[PDB]
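Encoded as structure tokens, the structure appears first; notes follow it.
In listed order, ligands and their atoms are each counted from 1. Residue numbering restarts at 1 for every chain, and letters A, B, ... go by the order of the sequence lines.
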Number of protein chains: 2
Amino acid sequence: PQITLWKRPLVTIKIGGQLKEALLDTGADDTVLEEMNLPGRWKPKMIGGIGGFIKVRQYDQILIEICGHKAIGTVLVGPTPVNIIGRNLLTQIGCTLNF
Amino acid sequence: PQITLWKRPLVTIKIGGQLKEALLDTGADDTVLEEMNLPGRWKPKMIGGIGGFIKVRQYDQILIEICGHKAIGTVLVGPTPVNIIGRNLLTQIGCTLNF
Ligand SMILES: CC[C@H](C)CN(C[C@@H](O)[C@H](Cc1ccccc1)NC(=O)O[C@H]1CO[C@H]2OCC[C@H]21)S(=O)(=O)c1ccc([C@@H](C)O)cc1
């Protein structure tokens, strides 16, 4: 698929048995999702952007399906205002920028 | 060009006659550069990111060349963690996501 950028590049993802809308975000190294109560062990982390840092929980080897494309990797969970698919998973679905 | 995402999508930009490095950021509506001197008038603005809101200087109709492609548009200047090129200019250079 080709996604133009006139509007936010939001897509449906599937994670932890839930469907959600998330940004395909080339500016994010890693993936950050809204607060959700996933099972398993996690590690605390702090991640920073415009405005400062938020506290998140780092979960490893999480399965996530992005527009029907399967991926597995680290997902950070916390009080982000938007679900953010970062490069750690975008590479796994073969996503490129083109101009 | 086609840019893969196993590394940060950093490119050279020219703005105000000066070269800088910036991140192509599909998760950003707007283009935000770290503190710099730019000619012309500006307006105070607020913008929100993952960690809260910051005060920026809004420069409108600014010439900026991104990886050899010209844009003219709004550039916000303020305490962003890194220089980001957002959708307002990515659309101008014809950038799409593809997978
Ligand atoms: C430092 C480089 C970037 C700033 C990094 N960010 C990605 C970036 O796309 C964010 C996404 C975003 C965030 C909040 C609300 C909308 C969109 N957009 C953003 O701040 O855009 C500004 C400018 O335009 C406006 O529209 C949207 C907001 C305004 S991040 O989220 O802070 C981030 C930090 C660390 C990690 C670790 C896990 O890797 C992962 C992500």
Checking side-chain polar atoms at under 3.5 Å, does A:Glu21 have a donor or acceptor matched by the opposite partner on A:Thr12? yes
Please work out, at 4.0 Å between heavy atoms, whether the side chain, the backbone, both, or neither of [X] comes within that distance of ligand 1.
X       : answer
B:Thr26 : neither
A:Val32 : side chain
B:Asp30 : both
A:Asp25 : side chain

Tell me: protein heavy atom nearest atom 19 (C) of ligand 1, and distance? B:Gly27 O, 4.1 Å
Return the residue, atom name and 0.1 Å-rounded distance of the protein heavy atom closest to atom 25 (C) of ligand 1. B:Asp29 N, 3.5 Å
Which ligand 1 atoms are under 4.0 Å away from a heavy-atom of [X]?
X       : value
A:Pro81 : 14 (C), 15 (C)
A:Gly49 : 32 (O)
A:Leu76 : 38 (C)
B:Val82 : 1 (C), 2 (C)

[X] vs [Y] side-chain heavy atoms within contact, under 4.5 Å:
X       : Y       : value
A:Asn98 : A:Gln2  : no
A:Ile84 : B:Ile50 : yes
B:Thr26 : A:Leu97 : yes
A:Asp25 : B:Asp25 : yes
A:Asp30 : A:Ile47 : no

Report the member of A:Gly52, A:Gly86, A:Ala28 with the shortest heavy-atom distance to atom 41 (C) of ligand 1. A:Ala28
Among B:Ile84, A:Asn83, B:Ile50, closest by heavy atom to atom 13 (C) of ligand 1 is B:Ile50
Can a non-hydrogen atom of B:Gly48 be found less than 4.0 Å from any atom of ligand 1? yes
Passing option when B:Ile15 is tested against B:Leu63, B:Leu38, B:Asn83, B:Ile66 for side-chain contact (heavy atoms from CB on, under 4.5 Å): B:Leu38
NZ/A:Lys20: more than 12 non-hydrogen atoms of other groups inside 6.0 Å: yes
In terms of the angle between their ring planes, are B:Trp42 and B:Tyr59 parallel, tilted or perpendicular, with boundaries placed at 30° and 60°? tilted
